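For reference, the structure is listed below as structure tokens.
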Amino acid sequence: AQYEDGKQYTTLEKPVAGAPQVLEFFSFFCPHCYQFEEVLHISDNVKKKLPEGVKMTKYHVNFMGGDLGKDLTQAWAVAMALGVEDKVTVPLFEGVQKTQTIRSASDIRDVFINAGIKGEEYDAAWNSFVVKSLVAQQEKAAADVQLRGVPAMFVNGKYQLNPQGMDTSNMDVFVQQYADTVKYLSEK
């Protein structure tokens with residue numbers, strides 16, 4: 001066929017019940033993730049092609065960057081709890097990978113302060129039980145799909161995107177192929 005298991009996607013041997021409809025994992029330490037977000041804009045182009053009523057979820061992961069990696073997963077939980085993802089995503093990516101000005105939990109916090117999140121608001125969220133559970137949701141989702149690499153995208157807890165099995169000489173074409181595969185899997 002055109003879309004084939006093992007080409008544009010793989011199927012989880014052990015499907016995940018109740019998973020988000022479109023789930024992406026990433027790390028702010030992840031060179032391809034930085035590419036996916038700033039250069040390729042994968043999330044935004046997938047969203048443009050998603051059917052009615054399908055929401056996209058994006059979680060941070062721990063296994064890159066050691067102690068800072070965990071701090072970033074907790075900060076991403078803060079970003080989700082406060083709804084400021086679109087204010088911190090770029091400076092976090094650039095702080096970690098471009099300027100290398102993010103070396104501690106304090107430097108992470110600086111990004112939120114510079115983005116206009118109040119210090120007292122940031123700290124109350126950072127320490128909150130709501131954020132501890134949102135950390136746990138991210139960790140659970142990754143564990144459930146036995147995630148060992150990022151970027152990664154999963155559809156309905158059953159299918160995993162296989163970007164390796166797509167074209168990459170044209171960036172634009174890769175992105176639409178990625179987005180179209182998500183739409184196809186979405187309707188499957």
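Just so we're on the same page: first chain in the structure tokens is A, next is B, and so on; residues restart at 1 for each chain, and ligands are numbered from 1 in the order they show up.
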Quick one: which region 21-53 of chain A residues come within 7 Å of region 136-160 of chain A, and what is the nearest atom pair for each with the distance in Å to one decimal, counting only C-alpha atoms, rows ordered by chain and ascending number, as CSV?
residue,atom,partner,partner_atom,distance
A:21,CA,A:156,CA,4.5
A:22,CA,A:155,CA,4.9
A:23,CA,A:154,CA,5.2
A:24,CA,A:153,CA,4.3
A:25,CA,A:152,CA,5.2
A:26,CA,A:151,CA,5.0
A:32,CA,A:151,CA,6.7
A:33,CA,A:151,CA,5.5
I'd like the neighbourhood of residue 128 (chain A) as a count of residues only, where a residue qualifies if any of its atoms comes within 12 Å (using only C-alpha atoms), though same-chain residues fewer than 3 positions away should be ignored.
16
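A straight line drawn from CA of residue 126 (chain A) to CA of residue 44 (chain A) is 27.1 Å long.
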As a VMD selection string, please: the residues near residue 29 (chain A) (cut-off 10 Å, only C-alpha atoms, same-chain neighbours under 4 positions excluded).
chain A and resid 33 to 34 61 to 65 68 to 69 72 92 to 97 150
Run DSSP on the backbone and tell me which residues of region 9-181 of chain A come out as strand (DSSP E or B); list them as a CSV table (one decimal) with C-alpha atoms, in the first residue's frame.
chain,number,residue,atom,x,y,z
A,9,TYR,CA,4.9,4.0,11.4
A,10,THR,CA,5.2,1.0,13.7
A,11,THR,CA,2.6,-0.7,15.8
A,22,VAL,CA,-1.7,12.5,19.7
A,23,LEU,CA,1.2,12.3,22.1
A,24,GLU,CA,4.7,13.8,21.4
A,25,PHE,CA,7.8,13.3,23.6
A,26,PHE,CA,10.8,15.6,23.6
A,56,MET,CA,-2.3,17.2,21.0
A,57,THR,CA,-0.3,16.5,24.0
A,58,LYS,CA,3.4,17.1,24.5
A,59,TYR,CA,5.5,15.7,27.3
A,60,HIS,CA,9.1,16.3,28.4
A,152,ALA,CA,8.8,10.6,19.3
A,153,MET,CA,5.1,10.7,18.5
A,154,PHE,CA,2.4,8.2,19.3
A,155,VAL,CA,-1.1,8.0,18.0
A,159,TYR,CA,1.1,3.6,16.6
A,160,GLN,CA,4.5,5.2,16.7
A,161,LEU,CA,5.7,7.6,14.0
Give me, as a VMD selection string, the residues of region 102-164 of chain A that a backbone DSSP run labels helix (DSSP H, G or I).
chain A and resid 105 to 114 119 to 126 129 to 144 163 to 164
Could you turn the residues from that selection into a file that holds N, CA, C and O atoms, as a short mmCIF file (atom, residue, chain, number, x, y, z; two decimals), in the first residue's frame?
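Produced file out.cif, reproduced below:
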data_model
loop_
_atom_site.label_atom_id
_atom_site.label_comp_id
_atom_site.auth_asym_id
_atom_site.auth_seq_id
_atom_site.Cartn_x
_atom_site.Cartn_y
_atom_site.Cartn_z
N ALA A 105 18.58 24.85 37.82
CA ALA A 105 17.15 25.08 38.03
C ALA A 105 16.89 26.59 38.13
O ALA A 105 15.83 27.07 37.71
N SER A 106 17.84 27.35 38.69
CA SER A 106 17.69 28.81 38.74
C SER A 106 17.68 29.45 37.34
O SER A 106 16.85 30.34 37.06
N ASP A 107 18.56 28.99 36.45
CA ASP A 107 18.58 29.52 35.08
C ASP A 107 17.29 29.17 34.35
O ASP A 107 16.78 29.96 33.56
N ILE A 108 16.74 27.99 34.63
CA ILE A 108 15.46 27.63 34.03
C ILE A 108 14.40 28.62 34.47
O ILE A 108 13.63 29.16 33.66
N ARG A 109 14.36 28.87 35.78
CA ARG A 109 13.41 29.80 36.36
C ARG A 109 13.53 31.21 35.77
O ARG A 109 12.51 31.87 35.55
N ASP A 110 14.76 31.66 35.52
CA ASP A 110 15.01 32.95 34.87
C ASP A 110 14.23 33.08 33.56
O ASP A 110 13.68 34.15 33.25
N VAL A 111 14.17 32.01 32.77
CA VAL A 111 13.41 32.03 31.51
C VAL A 111 11.93 32.33 31.76
O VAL A 111 11.31 33.14 31.05
N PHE A 112 11.36 31.71 32.79
CA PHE A 112 9.97 31.99 33.12
C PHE A 112 9.80 33.44 33.62
O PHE A 112 8.81 34.10 33.29
N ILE A 113 10.74 33.93 34.42
CA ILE A 113 10.66 35.30 34.93
C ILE A 113 10.76 36.29 33.76
O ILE A 113 9.93 37.19 33.62
N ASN A 114 11.77 36.10 32.91
CA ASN A 114 11.93 36.93 31.71
C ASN A 114 10.71 36.86 30.79
O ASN A 114 10.34 37.85 30.17
N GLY A 119 7.55 35.52 39.86
CA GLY A 119 8.39 34.64 40.67
C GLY A 119 7.63 33.82 41.69
O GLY A 119 7.87 32.62 41.87
N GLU A 120 6.74 34.48 42.40
CA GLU A 120 5.93 33.85 43.42
C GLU A 120 4.99 32.80 42.78
O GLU A 120 4.75 31.72 43.34
N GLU A 121 4.49 33.11 41.59
CA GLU A 121 3.64 32.18 40.83
C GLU A 121 4.41 30.96 40.34
O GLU A 121 3.95 29.81 40.42
N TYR A 122 5.58 31.22 39.79
CA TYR A 122 6.48 30.15 39.38
C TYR A 122 6.83 29.22 40.54
O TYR A 122 6.74 28.00 40.41
N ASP A 123 7.27 29.79 41.66
CA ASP A 123 7.73 28.97 42.78
C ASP A 123 6.60 28.16 43.42
O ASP A 123 6.79 27.01 43.81
N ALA A 124 5.41 28.76 43.50
CA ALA A 124 4.26 28.06 44.08
C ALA A 124 3.92 26.86 43.19
O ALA A 124 3.71 25.75 43.68
N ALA A 125 3.95 27.06 41.87
CA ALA A 125 3.71 25.95 40.94
C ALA A 125 4.81 24.89 41.04
O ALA A 125 4.51 23.71 41.18
N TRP A 126 6.08 25.31 41.02
CA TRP A 126 7.22 24.38 41.06
C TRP A 126 7.12 23.36 42.20
O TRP A 126 7.43 22.17 42.06
N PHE A 129 1.74 20.13 44.48
CA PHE A 129 1.35 18.76 44.25
C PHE A 129 0.74 18.59 42.87
O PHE A 129 0.87 17.54 42.28
N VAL A 130 0.03 19.59 42.38
CA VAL A 130 -0.47 19.51 41.02
C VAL A 130 0.67 19.33 40.01
O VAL A 130 0.56 18.52 39.08
N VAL A 131 1.80 20.00 40.25
CA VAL A 131 2.93 19.82 39.36
C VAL A 131 3.61 18.48 39.59
O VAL A 131 4.01 17.86 38.61
N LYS A 132 3.72 18.00 40.84
CA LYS A 132 4.29 16.66 41.06
C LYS A 132 3.51 15.57 40.29
O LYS A 132 4.11 14.61 39.80
N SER A 133 2.19 15.69 40.21
CA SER A 133 1.41 14.67 39.49
C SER A 133 1.59 14.82 37.98
O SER A 133 1.57 13.84 37.25
N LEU A 134 1.78 16.06 37.54
CA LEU A 134 1.95 16.32 36.12
C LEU A 134 3.33 15.81 35.67
O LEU A 134 3.48 15.31 34.55
N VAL A 135 4.31 15.86 36.56
CA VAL A 135 5.58 15.15 36.36
C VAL A 135 5.34 13.63 36.25
O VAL A 135 5.92 12.94 35.38
N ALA A 136 4.50 13.11 37.13
CA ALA A 136 4.22 11.68 37.13
C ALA A 136 3.47 11.26 35.86
O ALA A 136 3.79 10.21 35.31
N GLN A 137 2.52 12.07 35.39
CA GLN A 137 1.81 11.77 34.14
C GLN A 137 2.77 11.68 32.96
O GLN A 137 2.65 10.78 32.11
N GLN A 138 3.72 12.62 32.89
CA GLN A 138 4.73 12.60 31.82
C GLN A 138 5.59 11.35 31.91
O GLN A 138 5.88 10.73 30.89
N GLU A 139 6.01 10.99 33.12
CA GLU A 139 6.86 9.82 33.30
C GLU A 139 6.09 8.53 32.98
O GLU A 139 6.64 7.59 32.36
N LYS A 140 4.83 8.48 33.41
CA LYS A 140 3.98 7.32 33.16
C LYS A 140 3.78 7.10 31.67
O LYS A 140 3.96 5.98 31.17
N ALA A 141 3.43 8.17 30.96
CA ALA A 141 3.24 8.09 29.51
C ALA A 141 4.48 7.54 28.79
O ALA A 141 4.37 6.65 27.95
N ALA A 142 5.66 8.05 29.14
CA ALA A 142 6.90 7.53 28.55
C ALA A 142 7.17 6.06 28.90
O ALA A 142 7.53 5.25 28.03
N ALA A 143 7.00 5.72 30.16
CA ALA A 143 7.21 4.34 30.59
C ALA A 143 6.25 3.38 29.86
O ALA A 143 6.63 2.28 29.45
N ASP A 144 5.01 3.82 29.70
CA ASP A 144 3.96 3.00 29.08
C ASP A 144 4.25 2.60 27.64
O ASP A 144 3.77 1.56 27.18
N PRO A 163 9.80 8.40 11.42
CA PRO A 163 10.31 9.45 10.54
C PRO A 163 11.48 8.99 9.69
O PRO A 163 11.74 9.56 8.63
N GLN A 164 12.22 8.00 10.19
CA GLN A 164 13.28 7.36 9.42
C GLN A 164 12.78 6.80 8.10
O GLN A 164 13.53 6.76 7.12
#
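Closest approach to residue 162 (chain A) among A:178, A:37, A:50, A:188: A:178, based on only C-alpha atoms.
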